[PDB]
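This document starts with one chain, in the form deposited in one PDB entry, laid out as structure tokens.
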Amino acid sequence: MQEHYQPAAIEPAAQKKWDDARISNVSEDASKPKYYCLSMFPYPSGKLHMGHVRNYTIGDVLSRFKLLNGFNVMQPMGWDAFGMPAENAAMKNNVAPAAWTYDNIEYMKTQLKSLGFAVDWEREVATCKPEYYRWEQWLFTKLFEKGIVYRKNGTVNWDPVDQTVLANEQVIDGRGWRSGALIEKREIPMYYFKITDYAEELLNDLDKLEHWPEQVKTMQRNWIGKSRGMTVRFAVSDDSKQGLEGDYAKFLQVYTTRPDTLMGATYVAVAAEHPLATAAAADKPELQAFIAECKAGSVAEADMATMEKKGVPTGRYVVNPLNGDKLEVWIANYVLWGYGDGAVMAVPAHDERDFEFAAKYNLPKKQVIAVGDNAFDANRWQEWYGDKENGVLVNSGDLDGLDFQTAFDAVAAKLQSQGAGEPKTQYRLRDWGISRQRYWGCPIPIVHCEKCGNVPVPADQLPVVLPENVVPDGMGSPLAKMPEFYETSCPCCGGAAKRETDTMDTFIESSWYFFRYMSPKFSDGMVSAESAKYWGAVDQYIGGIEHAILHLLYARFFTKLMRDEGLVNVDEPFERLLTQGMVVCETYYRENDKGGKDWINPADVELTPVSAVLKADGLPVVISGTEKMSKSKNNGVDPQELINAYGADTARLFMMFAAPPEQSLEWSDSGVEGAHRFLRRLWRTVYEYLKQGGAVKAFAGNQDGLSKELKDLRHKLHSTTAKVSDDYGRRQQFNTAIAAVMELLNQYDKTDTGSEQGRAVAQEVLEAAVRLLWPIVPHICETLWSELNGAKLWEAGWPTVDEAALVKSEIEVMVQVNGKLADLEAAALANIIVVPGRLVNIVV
């Protein structure tokens, strides 16, 4: 055994030892219990970043842990390969997105291997390969013929200078983020998944997910946004009917979740596109301008609640069907056409958004709910105004004194009796639009024929292959300019036809890849029935919180779609979910020509603990604030430099020790140095133990007759094993597991293990510590284990707790005062000559 720890000598040998043994190449062996540990697969962007290393180390700790406990562990990896990065890189470097992607994949694969992740590389997938995406084209066609996928005109943001469609996030004050040109709202046909048909199942099945973080479940509930409320029709006043046709001349229909407060409605509000808005605006330029500004808006959903709410009165009136109040119709920017009826009622006393709106425009506020003896203040919002549970009705006529549920039913009865309303259930969830006007994506398997319509491509003809011999130029989607791709014949009639040129939302590939890993080379379906039956669901999913809503909802949706197609048996893809925190790092700047700030990467910096300077010249730079690593402020630390400098095990240890997985991880040079030094300590501890005697049979069995000091070390040992096991398998906090092993080694350092029984206990401590740490730092632990013991580490398995090592000594002594029934003198007095060990006599 070499004296000094050298990661570059031992880490490749260890990786070849694991590959040669094929520990990670698993199959559907019905003998061991399966365990499917999955980390969210990466975009092949070019290189790993520190987020990648954190995620996949966390996955590897859990996978190796379960492996050591006798599970048949599948830990697969692959490439979410489609999307915009390759297209932009194609425009920058004038290369093909496919070629750029396959080079990135090959480089990033090497980096993953070098980190020693116990990954089943025989299950690798690359979603840009036809052998992958053909199966989502297949599923598309089946759902399309069922109407679960459908085509319909939608509205997009067109940038006329960049010639591409932009999301609301990419529109800044009505203009494209890169071009700066005013975007144009354009209606175009697009494809949609009818995800709303699965809304109730997607909502209710969250209750099955006892091992999901409650905040992720809450986020999905709010996103789905089910509500049980009331349709209410307010008759249009006789004086307000000019310009209206059909039912819009007869009544204004709204949806409310608070029909218990219908007595306190003080006005109503409609969307800009509402017919009442159009009729009122017909002769009022201020309304036409307000309608125009509403339509031109591009507010993102994550910002919808943070926008300034504005309205204009229309001079039109409707009648409350329960009290006869004549209420004015306002046009408001927060009422969305297409949500419900595009028209709401307002109760400023009991809805906070209505309270702020009314307060802005000095509109009436009518209290109709009371909660205890709390005073109602029409000029200040108190949180109890909106309480649904503990309130009773007031100022509501014959409805007074009722609670929410009884008021709901009474209003429902009153409205239904006179035909003015009925209970209704709504969802905020919109259908899923999957059409992208981009090249580097999965082709949509639709052929357009003027005789036959939009025709799904037959299963025989799938895939529709995306040509990879393309370099996008940034003047429109290349597929639309490629007659060699889109000119085809109709598969129903054989006539002249055109392929769809839009490609799929790349969320589609990540919505089912966890099933494809089960049988990645299966050529007769999305996933083979034998392999889906064996692996079932993912037992553990690990990934960033930014995917807590869309990706997970899409994946749960696809799983239920595939179940209903008979491809899988589960209702839910992910049993346990762990969400890792961000990786943050200090930023460094040095001002330049125009009173601004230029940003320097941390690896090109050296500190003086005073100030910092550039490593190349030694000239100062300004130390700035800490934030998530990104190209924005040039503060991303390349993990490849971390590996080159210290080795994979140090990288893995620093990530797991620095913070709990959910907590943000702060980059720290001293922290990285401390991780490496601990590995040197571990190395020297085993080396020094073997230098004074070599290996012995580890202590096992009855520990009677062991000295107090060695019994104490065995106690620390098996409590540490218990602590670590509970940290890996239950708390999923690996930092405290590392600290616990560090405490074991501390006590070992203070224990004389020189005797024959001492060496036996020392062997037992070390054999346990290297296995307890092997999930985190497998290369050095594999090497150290081979110096201590000849068995296969993974066949020795996870350390067992010896309960007997946790029972402490006992000795019953009789208490007697005057003859009748330091250490023991204090205990017996808690109930004086002492006979050692048997009796204590209290001279009374």
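Just count from 1 along the sequence shown to find any residue number. Rigid core (definition): largest C-alpha set, two forms, superposition within 1.5 Å.
Trainee: Given the other compared entries that model the residues flanking it, would you say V610 is unmodelled in at least one third?
Mentor: In at least a third of the other entries, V610 has no coordinates.
Trainee: For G78, does the count of other compared entries lacking it reach at least a third?
Mentor: No; none of the other entries leave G78 out.
Trainee: What size is the break between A826 and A827 in terms of deposited sequence residues left without coordinates: none, 1 to 3, 4 to 9, or 10 or more?
Mentor: Going from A826 to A827, the model skips no residues of the deposited sequence.
Trainee: As stated in the PDB record, which stretch has the larger average Cα B-factor, 491 to 499 or 294 to 302?
Mentor: The stretch with the larger average C-alpha B-factor is 294 to 302.
Trainee: Compare the mean C-alpha B-factor of 3 to 11 with that of 834 to 842 as given in the PDB entry, and name the stretch with the higher value.
Mentor: Taking the mean B-factor of the alpha carbons in each, 834 to 842 is higher.
Trainee: Given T266, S435, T650, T587, identify the residue with the highest C-alpha B factor in the PDB entry.
Mentor: It is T587.
Trainee: Based on what the PDB entry reports, which of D247, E743, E136, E627 has the top C-alpha B-factor?
Mentor: Comparing C-alpha B-factors across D247, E743, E136, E627, the maximum falls on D247.
Trainee: Select lowest, middle or highest to describe the third in which the CA B-factor of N333 falls within its chain in this entry.
Mentor: For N333, whose C-alpha B-factor we compare with every modelled residue in the chain, the answer is the lowest third.
Trainee: Which third of the chain holds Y534 when residues are ordered by C-alpha B factor: lowest, middle or highest?
Mentor: Answer is middle: the recorded C-alpha B-factor places it there.
Trainee: Among the modelled residues of this chain, does the Cα B factor of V26 put it in the lowest, middle or highest third?
Mentor: As the PDB entry reports it, the C-alpha B-factor of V26 lands in the highest third of its chain.
Trainee: Check where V605 lands among this chain's C-alpha B-factors and tell me if it's the lowest, middle or highest third.
Mentor: Its C-alpha B-factor, which the entry lists for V605, ranks in the highest third among residues of this chain.
Trainee: What third of the chain does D524 rank in for C-alpha temperature factor, lowest, middle or highest?
Mentor: According to the entry, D524 has a C-alpha B-factor in the chain's middle third.
Note that the form deposited in another entry isn't included here; everything after this is about it.
Trainee: Of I188, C452, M307, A645, which one has a Cα that moves 2 Å or more between the shown form and the other one once the core is lined up?
Mentor: Just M307.
Trainee: C-alpha of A289: shift of 2 angstroms or more between the shown form and the other one, rigid core aligned?
Mentor: Passes the 2 Å threshold, so yes.
Trainee: Spell out whether the Cα of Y107 moves at least 2 Å between the shown form and the other one when the two forms are superposed on their rigid core.
Mentor: After core superposition, the displacement of the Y107 C-alpha between the shown form and the other one stays below 2 Å, so no.
Trainee: After superposing the rigid core, is the C-alpha displacement of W177 2 Å or more between the shown form and the other one?
Mentor: After core superposition, the C-alpha of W177 moves 2 Å or more between the shown form and the other one.
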